[PDB]
There are 2 protein chains.
Amino acid sequence: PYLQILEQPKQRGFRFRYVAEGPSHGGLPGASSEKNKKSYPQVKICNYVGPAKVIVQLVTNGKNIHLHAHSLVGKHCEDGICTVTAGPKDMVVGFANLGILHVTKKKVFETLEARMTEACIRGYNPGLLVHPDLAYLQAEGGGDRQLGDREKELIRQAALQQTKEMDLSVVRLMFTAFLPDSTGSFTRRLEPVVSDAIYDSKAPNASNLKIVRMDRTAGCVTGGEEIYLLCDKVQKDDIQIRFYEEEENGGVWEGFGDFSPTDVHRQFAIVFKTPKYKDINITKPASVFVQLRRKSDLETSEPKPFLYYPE
Amino acid sequence: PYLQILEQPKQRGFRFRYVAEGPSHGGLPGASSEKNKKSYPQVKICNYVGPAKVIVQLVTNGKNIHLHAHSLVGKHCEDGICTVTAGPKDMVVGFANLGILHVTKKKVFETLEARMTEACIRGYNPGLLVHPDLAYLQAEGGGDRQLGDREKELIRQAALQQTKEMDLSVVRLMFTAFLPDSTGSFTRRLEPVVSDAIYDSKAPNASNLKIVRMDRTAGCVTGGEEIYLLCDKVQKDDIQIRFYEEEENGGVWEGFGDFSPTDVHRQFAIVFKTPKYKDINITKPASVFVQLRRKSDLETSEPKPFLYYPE
DNA sequence: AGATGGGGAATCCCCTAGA
DNA sequence: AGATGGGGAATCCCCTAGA
């Protein structure tokens with residue numbers, strides 16, 4: 001028996017919320033763009049076993065995995081973790097209404113530590129997520145009652161070590177499937193699965209890329225035309241304006257508009273000059289596309305139409 | 001002997017700083033725009049008296065005057081108040097390097113109360129600024145030593161009453177001139193003078209109005225031409241784009257460009273359509289001016305050139 | 001010296017609106 | 001019901017740079 005991901009959660013787009021912002025904002029969606037489908041991220045317990053217990057924990061997106069400080073809050077959640085069971089005529093368990101609680105930078109340690117304590121007490125992969133020496137605490141711990149001084153200091157040691165590295169802008173979902181052993185009790189899990197990274201849309205570097213409106217929607221094939229482009233929050237240093245045309249054979253033409261970090265108006269507007277076309281001497285016009293592109297991750301905005309006309 | 005204001009402090013432009021932002025940011029300037037002059041707000045003790053003691057206190061800009069929660073911090077300051085003496089061959093005392101410490105909304109009461117306590121203990125117009133019943137405390141009080149329980153509860157009563165009304169975005173300067181009585185001691189003040197209101201530039205409604213760059217710098221006399229205007233932070237509902245021409249006789253023509261709150265792009269760009277000119281049929285072009293104007297206070301941005309050409 | 005700004009990030013607040 | 005966004009304000013952080 002192994003656990004797998006049917007549908008990943010949508011990487012970019014969702015917005016983590018600070019405690020204050022309340023709980024009524026929305027749930028993290030799945031990767032599917034299919035029309036008329038709210039699509040929630042999905043997991044599947046492949047190779048059918050007893051009515052399993054699937055849990056979700058927020059882990060880091062660092063080289064080495066470590067528990068995250070943020071909390072999953074929503075429908076099936078308590079103390080940062082999400083718990084739901086897989087019915088026999090439904091080995092698939094989808095997740096609807098999971099929100100991501102954003103901890104403040106100044107409260108990262110005391111929250112990271114509290115999250116570790118609980119998973120140690122709950123046996124939720126403490127060997128993996130806190131310290132390899134707490135491996136025995138797997139599927140054990142006893143709520144406060146059984147967590148002793150030794151484990152406590154180790155939790156403090158890992159927390160201190162990890163809070164400094166902690167990236168509050170991106171998280172990963174880790175599902176663990178706990179199958180049943182002795183009569184009733186679900187205690188043996190399969191290998192946990194970690195999802196793709198979910199980047200907070202409210203983060204400067206993972207913002208939504210969108211060209212709101214352009215000055216000119218056409219330009220002379222030689223380029224050089226000045227266009228005032230209005231867009232969503234960007235960062236002068238890490239932004240590009242990509243012109244491109246995809247030819248049926250899989251080849252693609254691209255030309256980048258010219259502007260300086262200085263031409264990027266307060267993160268919401270960019271003044272640039274059109275790039276030269278592929279071929280100058282042409283008879284009928286050529287429709288290409290315009291879009292923002294983030295150098296760093298290469299994420300793009302939906303394309304915008306642009307018509308190139310002759311010399 | 002009466003105290004007067006030679007030069008008011010510049011109303012808009014300065015930025016109040018939160019404690020954290022540090023003290024090295026800058027001093028509040030005067031009203032003068034004269035070239036090559038750093039101009040600091042100025043006061044004058046008219047009708048020459050003994051080497052007076054001029055103090056500055058931050059008061060509210062409400063209908064009725066009340067002490068403000070913010071603090072004056074800078075060169076000659078201690079506990080929110082500014083103190084400097086007027087030398088005989090200099091009855092004029094100018095103020096250089098006064099900063100305005102911005103208290104948070106959540107800490108307004110406990111700070112307002114603390115500021116009142118001190119002025120009561122210092123005799124700095126407590127009858128005026130706190131409660132008319134503490135009038136006796138004028139030029140008296142005795143630091144903690146002499147401030148008793150009665151005055152204390154009155155300070156708590158005024159604070160609670162005033163913190164709710166408190167406008168953290170605008171302050172006024174109140175100068176009081178304390179002339180000398182008995183040998184040495186400066187104890188009798190003239191009528192205090194309150195300056196114009198100083199609005200925090202970091203406040204949404206008193207922001208700096210500036211057109212950074214325009215799409216088109218000219219347009220047909222009939223109007224209707226679409227212009228992409230880049231500007232400093234504005235607020236869709238309270239913004240106008242004013243075209244105007246001043247004719248030597250004092251008469252002024254004005255025409256406002258058309259755009260909807262919706263056309264205001266994320267507070268940093270505005271797309272509007274030019275207004276019709278004054279007269280259609282003309283031979284040589286007419287140079288008018290373009291500028292942003294805030295409906296509320298009518299503050300304006302520096303004008304921008306704009307050339308109207310014929311039908 | 002000693003006088004001096006500003007952009008934008010991190011956090012948080014409150015809107016609009018259909019059965 | 002019960003599922004659901006977003007704009008921008010309030011606060012705060014850290015840049016660049018000349019003797």
Side-chain angles (χ1 to χ4, degrees), chain A residues 10 13-29 38-40 70 73-76 95-99 101-108 166-169 200-208 210 212 232-239 261-262 264-269, chain B residues 10 13-29 38-40 70 73-76 95-99 101-108 166-169 200-208 210 212 232-239 261-262 264-269:
Chain A
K10 191 188 176 189
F14 190 59
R15 156 175 176 175
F16 309 176
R17 302 282 184 164
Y18 292 94
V19 176
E21 295 184 74
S24 287
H25 289 286
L28 162 55
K38 212 72 185 191
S39 55
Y40 303 100
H70 290 344
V73 286
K75 292 310 287 303
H76 279 252
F95 301 89
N97 281 320
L98 270 189
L101 180 48
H102 195 126
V103 56
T104 55
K105 212 149 298 178
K106 285 177 191 167
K107 273 190 176 168
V108 169
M166 186 78 58
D167 192 341
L168 302 191
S169 66
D200 186 351
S201 62
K202 210 55 175 61
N205 53 285
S207 178
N208 281 311
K210 171 165 61 195
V212 163
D232 261 24
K233 178 186 262 261
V234 293
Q235 301 175 298
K236 35 172 160 61
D237 282 325
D238 189 17
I239 188 73
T262 250
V264 188
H265 182 54
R266 290 301 249 120
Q267 302 187 284
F268 295 110
Chain B
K10 191 188 176 189
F14 190 59
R15 156 175 176 175
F16 309 176
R17 302 282 184 164
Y18 292 94
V19 176
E21 295 184 74
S24 287
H25 289 286
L28 162 55
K38 212 72 185 191
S39 55
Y40 303 100
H70 290 344
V73 286
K75 292 310 287 303
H76 279 252
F95 301 89
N97 281 320
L98 270 189
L101 180 48
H102 195 126
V103 56
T104 55
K105 212 149 298 178
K106 285 177 191 167
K107 273 190 176 168
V108 169
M166 186 78 58
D167 192 341
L168 302 191
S169 66
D200 186 351
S201 62
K202 210 55 175 61
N205 53 285
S207 178
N208 281 311
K210 171 165 61 195
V212 163
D232 261 24
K233 178 186 262 261
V234 293
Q235 301 175 298
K236 35 172 160 61
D237 282 325
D238 189 17
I239 188 73
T262 250
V264 188
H265 182 54
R266 290 301 249 120
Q267 302 187 284
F268 295 110

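Letters A, B, ... are given to chains in the order of the sequence lines, protein chains preceding strands, and every chain is numbered from 1. Below, each value reflects all heavy atoms present in this structure, side chains not excepted, and no hydrogens, waters or symmetry copies.
- Distance A:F268 CZ to D:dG6 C1': 12 Å, rounded to the nearest Å.
- Checked against side chain to side chain donor-acceptor pair (under 3.5 Å), B:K105 has no partners two or more places apart in sequence or in another chain.
- Rounded to the nearest Å, the gap between the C1' atom of C:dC14 and that of D:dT4 is 16 Å.
- Distances shown here put a side-chain N or O of A:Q235 below 4.0 Å from the OP1 or OP2 atom of C:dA9.
- Between A:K233 and D:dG8 there is no side-chain polar atom (N or O) within less than 4.0 angstrom of OP1 or OP2.
- Scanning all heavy atoms of the two residues, the minimum distance from B:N208 to B:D232 falls at O-CB, 3.5 Å.
- Sugar pucker of C:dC14: south, since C1'-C2'-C3'-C4' comes out negative.
- Taking the side chain to side chain contact (heavy atoms under 4.5 Å, CB included) definition, one finds that B:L101 meets it with B:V19, B:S71, B:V73, sequence neighbours left out.
- Helical stems of DNA chain D (runs of at least 3 Watson-Crick or G-U pairs, donor-acceptor distances under 3.5 Å) are listed by first residue: C:5-9 with D:11-15, C:11-15 with D:5-9.
- Using cut-offs of 30° and 60° for the angle between ring planes, the B:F16 and B:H70 rings count as perpendicular.
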Test log, rule side chain to side chain contact (heavy atoms under 4.5 Å, CB included), inputs B:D200 and B:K202: CA-CA 5 Å; B:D200 186 351; B:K202 210 55 175 61; 3.3 Å; yes

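- Residue contacts shown for A:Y40 are limited to sugar-phosphate atoms, with no base heavy atom under 4.0 Å away.
- Rounded to whole Å, the distance from CD on B:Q267 to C1' on D:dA10 is 13 Å.
- Regarding contacts with the backbone of D:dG2, every side-chain N or O of A:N97 stays at 4.0 angstrom or more from both OP1 and OP2.
- To the nearest whole angstrom, the two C1' atoms, one in C:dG8 and one in D:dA9, are 14 Å apart.
- Applying the side chain to side chain contact (heavy atoms under 4.5 Å, CB included) test to B:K10 and every residue at least two apart in sequence or in another chain returns B:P29.
- Classification of the B:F268-A:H265 ring pair by plane angle, with boundaries at 30° and 60°, yields perpendicular.
- Atom CG in B:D232 sits roughly 7 Å away from atom P in C:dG7 (whole-Å rounding).
- Applying the side chain to side chain donor-acceptor pair (under 3.5 Å) criterion to B:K107, with sequence neighbours excluded, gives no partner residue.
- In terms of the side chain to side chain donor-acceptor pair (under 3.5 Å) criterion, A:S201 has no residue partners (sequence neighbours excluded).
- Under the side chain to side chain contact (heavy atoms under 4.5 Å, CB included) criterion, B:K236 pairs with B:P261, B:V264, not counting sequence neighbours.
- For D:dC15, classification of the furanose by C1'-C2'-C3'-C4' yields a north pucker, on the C3'-endo side.
- Taking atom NZ of A:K38 as the reference point, atom P of D:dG2 lies 17 Å away to the nearest angstrom.
- For D:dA3 and C:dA17, the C1' atoms lie 14 Å apart once the distance is rounded to whole Å.
- The residue A:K236 sits close only to the backbone: its heavy atoms come under 4.0 Å of sugar-phosphate atoms, none of a base.
- Residues that satisfy the side chain to side chain contact (heavy atoms under 4.5 Å, CB included) test with B:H76, not counting sequence neighbours, are B:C82, B:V84.
- At C:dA3, one or more side-chain N or O atoms of B:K75 fall inside 4.0 Å of OP1 or OP2 (strictly under the cut-off).
- Annotation: salt bridge (charged side-chain N to carboxylate O under 4.0 Å, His left out) contacts of A:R17 (sequence neighbours excluded): A:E21.
- Whole-Å rounding puts the A:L98 CG to D:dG2 P distance at 18 Å.
- A:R266 has its CZ atom 17 Å from the P atom of D:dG7, to the nearest Å.
- Atom P of nucleotide D:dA9 and atom CG of B:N205 are separated by 9 Å, given to the nearest angstrom.
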Identify the pairs formed between an N or O of the protein and an N or O of nucleotides 16-19 of chain C at a distance under 3.5 Å, and give each distance.
none

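- With sequence neighbours excluded, the residues that form a side chain to side chain donor-acceptor pair (under 3.5 Å) with B:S169 are B:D167.
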N/O to N/O distances under 3.5 Å, protein versus nucleotides 12-15 of chain C:
from   : atom 1 : to    : atom 2 : distance (Å)
C:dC12 : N4     : A:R15 : NH2    : 3.2
C:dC13 : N4     : A:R15 : NH2    : 3.4
C:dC13 : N4     : A:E21 : OE1    : 3.1

